[PDB]
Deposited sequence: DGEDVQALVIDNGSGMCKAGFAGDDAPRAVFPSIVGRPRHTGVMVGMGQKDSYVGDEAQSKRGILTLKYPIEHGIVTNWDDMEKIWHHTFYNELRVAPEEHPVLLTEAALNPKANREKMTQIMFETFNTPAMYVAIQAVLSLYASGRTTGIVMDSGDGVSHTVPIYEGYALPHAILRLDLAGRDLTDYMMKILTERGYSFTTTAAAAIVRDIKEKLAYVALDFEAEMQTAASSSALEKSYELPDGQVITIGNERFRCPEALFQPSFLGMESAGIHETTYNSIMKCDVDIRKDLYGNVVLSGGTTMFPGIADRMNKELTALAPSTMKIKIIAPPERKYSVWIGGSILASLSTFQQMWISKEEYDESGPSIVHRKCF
């Protein structure tokens, strides 16, 4: 029974190979007692609940591990609190970013074998996992999550590292931006549940405009785009153009005072860094992945932006599976379930002789 762990910038997704969905999804947050031994750690929602008396760390805010004691706490919580397994009994598949530093892959491997005593483990690139989950071996993955977005071109099963672009905003930025534009509209979010309220407004009411200026006009001229939202305390507020302006920052990072290219352009640019002969296949298999690609309208608008950018006879297909919040996780579950996968794992035995660098020869 293999386990599948997707270490997300914001959210950790964890589960059992063979299941169609993660059994556990929790925030990648570690909480430590501000003032020690006057009255230890907490992970996930419990750390959030108790944040008033905790110092909270985010050990992977941009997809890469910045703190190994806190990452270890996250894994301990994943194993013991969330999945309730003994880790020494399960092969474990873990995901990483495409450009995960070489020392990080080795550290992750070391921790699994030495700290959690896993009998087997494997590290997989997230974008390749989403591609697989979509039933493809070639395509470009546009993954936008919580603290990190990337475009990863993949040809016949393997990412093209030289063509990977790290797009500069994600979910957090969009939540921050939804808060600011709601404040400006007249509203005030002052409780400790402010982030959460605005995140939820983002998740339930935001959409991506097919033609943004025409939407701005429709909205300035009528009331047919507006939506009511009921706050925790029963107060009802109205969400107008904020619904589409917020995710628009994905296409116009300038809204956030950012010089960076938007998601359609980052996508283009990646395709352009690839052998000319494979680009047609990239354009015809643009796969959307991650929470921040969940906005309604996002596929149409990507189709539109990339049509505009590519020669007019280019066949553009955008693939936005409804389950794309978990595409990475689901790719991992399918991979780790395959009859041919027992040969792929780094075993304990292999670890004990090669040590942690075995990862660069086993996992790519």
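Numbered from the first deposited residue, the unresolved ranges run 1-5, 45-50.
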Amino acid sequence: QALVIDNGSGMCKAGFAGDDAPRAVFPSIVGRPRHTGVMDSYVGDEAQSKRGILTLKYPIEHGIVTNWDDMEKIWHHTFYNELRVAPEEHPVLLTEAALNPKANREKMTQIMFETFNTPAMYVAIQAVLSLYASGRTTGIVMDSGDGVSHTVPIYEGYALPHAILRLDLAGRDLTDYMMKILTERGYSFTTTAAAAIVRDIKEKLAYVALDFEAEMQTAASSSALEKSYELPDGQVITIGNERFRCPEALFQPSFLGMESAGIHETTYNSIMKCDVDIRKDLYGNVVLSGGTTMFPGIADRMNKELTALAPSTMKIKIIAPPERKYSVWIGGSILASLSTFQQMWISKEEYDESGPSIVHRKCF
From here on, numbers count along this sequence of modelled residues.
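Mean CA temperature factor is higher for 230-238 when stretches 230-238 and 73-81 are set side by side in the entry. As the entry records it, the average C-alpha temperature factor is higher for 200-208, out of 200-208 and 131-139.
Highest C-alpha temperature factor among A86, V123, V286, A219 per the entry: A219. When the C-alpha B factors of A163, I111, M294, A261 are read from the deposited coordinates, the top value falls at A261. Per-chain ranking of the deposited C-alpha B factor places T307 in the middle third. The entry lists a Cα temperature factor for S337 that places it in the lowest third of the chain's modelled residues. For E323, the recorded CA temperature factor ranks within the lowest third of the chain's modelled residues. When all modelled residues of the chain are sorted by CA temperature factor, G331 is found within the lowest third. Per the deposited record, the Cα B-factor of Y158 falls in the lowest third when ranked against the other modelled residues of its chain.
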